[PDB]
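Subsequent text provides structure tokens for two forms of one protein chain, presented individually as structure 1 and structure 2.
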Structure 1
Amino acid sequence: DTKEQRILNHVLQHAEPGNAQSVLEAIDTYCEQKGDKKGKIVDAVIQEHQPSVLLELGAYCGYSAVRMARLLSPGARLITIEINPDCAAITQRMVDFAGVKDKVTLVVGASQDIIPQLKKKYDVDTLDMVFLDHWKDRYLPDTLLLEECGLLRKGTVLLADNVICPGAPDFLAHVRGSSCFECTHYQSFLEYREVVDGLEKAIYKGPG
């Protein structure tokens, strides 16, 4: 969308080419200008679990791709599925510019179509980590799908963003109540890149 394009424009103008940290800071800056830090939580989870195969559902401007890819060990892989071609185009430009393109496989399409292809087509055995940041109504069905397709092993980490605002209540109820998942909640704050709000004025004109 227009916001993601302006984020990319800002990065290209101000971030140091090939420097992933420079790119992240430039985006945090663009969003700042216009509980715990969201980027800090993602970094902490990845550094805690050291995934060699990491699946990202949803990519808007490549912020999350870059943040996660920069921390991966050599030869480790980020696979990113994004349904909107325009967001995927921007994400790849961001990833190229940030210097991490060698770690990222960006795939355009719907998660429910691509997920069952991960083993056969993208040489995945099981996934070490999944970052969920796409359409909220996909969180629980894709989670059940990942399981059904044999992509989860004991120890696989699911990390879901925005589970409160806009919210993924059904996703939360499932994994929390299930003995198949061990759940931890991290309070956070919404950031500019993620959302935007507005008010509507509606003046009644009569029955007419």
Structure 2
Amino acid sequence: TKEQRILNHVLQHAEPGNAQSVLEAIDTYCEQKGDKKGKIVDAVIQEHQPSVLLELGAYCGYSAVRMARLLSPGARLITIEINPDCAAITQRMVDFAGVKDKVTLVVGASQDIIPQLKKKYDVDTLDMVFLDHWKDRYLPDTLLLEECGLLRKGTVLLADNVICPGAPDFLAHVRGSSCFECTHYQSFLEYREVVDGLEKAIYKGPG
């Protein structure tokens, strides 16, 4: 019900068609139990201007709204979510936020969907990938994207929540590998304590 309660709060407080309003409403509700990380995500999207962006993990649609609102007209955000109920909520959130024309929601397991992206969603390569699904899928899905030929030179991976709860196996792989150039972004609580972070890993090719 929680995700449904997040949606219900947005519907009562946010302005229809105003993606920023929606983000702010979600942040206000969730705080009771992120905008700071938001600036990092926004900066990566604005620097790289991806035309085709794959999001792994949709949840309530917060990250889809955040990213989609900064995309160019014609850009595509393809979001994979394993839970149909979370997908239904994400669709309603992106609809309310006014960004639905950019978004393709796909329900299923990333393991099964990734190898079908080219054929079923007419993808050639991805410009960017946002990893925010189950932490222990970050590494296997990164390897799968590479194996499937979906990464090109300069494709940006941005992985959220890499410190808390953490995706250390992913971090060790992309940092150690010569195939990825990595940058760590710290997320601060009250501008004082580093409580989480994101990793940006740019693909350089298999070698």
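Residues that one form lacks are left out of the comparison. Numbering for residues begins at 1 and runs along the sequence of structure 1. Heads up, when I say rigid core I mean the largest set of C-alphas that superpose within 1.5 Å between the two forms.
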{"query": "Large Cα shift (2 Å or above) at residue 10 between the two structures, core-fitted", "finding": "no"}
{"query": "Residue 186 C-alpha moves between the two structures by 2 Å or more, core aligned", "finding": "no"}
{"query": "Residue 164: CA movement between the two structures [superposed on rigid core, Å]", "finding": "0.8"}
{"query": "Once the two forms are fitted on their core, CA shift of residue 28 between the two structures in Å", "finding": "1.8"}
{"query": "Where the chain shifts between the two structures once the rigid core is fitted, runs of at least 3 with Cα moving 2 Å or more", "finding": "31-34, 189-208"}
